[PDB]
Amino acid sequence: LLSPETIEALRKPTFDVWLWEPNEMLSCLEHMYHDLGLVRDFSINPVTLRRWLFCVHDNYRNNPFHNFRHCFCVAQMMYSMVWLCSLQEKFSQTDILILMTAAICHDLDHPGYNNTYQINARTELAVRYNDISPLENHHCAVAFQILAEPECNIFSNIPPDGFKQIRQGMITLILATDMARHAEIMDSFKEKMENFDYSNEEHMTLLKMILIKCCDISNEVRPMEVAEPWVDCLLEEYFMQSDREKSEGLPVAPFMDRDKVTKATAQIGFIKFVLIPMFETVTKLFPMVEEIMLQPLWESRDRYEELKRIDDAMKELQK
């Protein structure tokens, strides 16, 4: 069960995603669907809802970073944004359903090695998706194979036309998570910002791509205590890759290279050239987002810069 305290904190981006076990996370995800009025407006069989969440969980891999806790993390942040930015006043329920469901399924069956590995290693994935966002494509397919089994199909009671609309929206959002397209997408969105139109369908599609992108890389928005472990879990996975990459001939990226990257320098670059700019333009649309999320981001940047001095200082010694 969840205490009214937990259920209360579940709305803030300060929620401690580490305090829980799969079962307790499944319950929170479940709470979110009810509380958002999704179970209600889509006639989601409450039993199916919980069975779906179990099948989703079952399909996430036990990786150091790209795992079910990450999934929950992204979904929970998305949930926070819905209340923080009062999204239910700008988005239809079908839009919210898409944001939430896409967030929960965006990394289904992730293997721990990104697209670059897949393509360079000429993997069965990279071959099947002709080197086009192979991971993202795969997550999305698994997401719909799951929804294909009537028992997990939380969309049973939605008419075919509504299903089509929801499916197309989820695919757009999940593929939009591939960071390779980060600049392209930010340009498109900033271009629409010059005069945003909440009634312009294309304007909203980009805003939704931006929102799920925000949640998927929002770790640094959370409290320093909650955020740090994630950076280490990602680098574990990244090293796991660059290890296998160098011992296979396949090239390696600087940010995944032991001899080149450091938690601090990395996060200073990520926070300044990715996270703060992105959340900056989003603030022009949502002012409350500046205090609640752009603040910890600045703080986080500042802190990793102070940690950079000490890191460099220790480096001098081991030389």
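Only the largest set of C-alpha atoms that superpose within 1.5 Å between the two forms is called the rigid core. The first residue of the sequence shown is number 1, and the count goes up from there.
In summary, of the stretches 264-272 and 27-35, 264-272 shows the greater Cα distance from the shown form in 7 other deposited structures of this protein, with structures fitted on the rigid core. Judged by mean Cα B factor in the deposited record, 282-290 ranks above the other of 282-290 and 38-46. Higher mean CA temperature factor between 189-197 and 224-232: 189-197, per the PDB entry. Between the residues 95, 245, 136, 109, the entry's highest C-alpha temperature factor is the one at 245. Take 131, 216, 151, 178 and read off each C-alpha B-factor from the entry; 151 has the highest. For residue 67, the recorded CA B-factor ranks within the lowest third of the chain. Only modelled residues enter the ranking.
In the PDB entry, residue 91 places in the middle third of its chain by CA B-factor. Per-chain ranking of the deposited C-alpha B factor places residue 241 in the highest third.
Residue 57: CA B factor in the middle third of modelled residues in this chain (values from the PDB entry).
In this PDB entry, the Cα temperature factor of residue 268 sits in the middle third of its chain's modelled residues.
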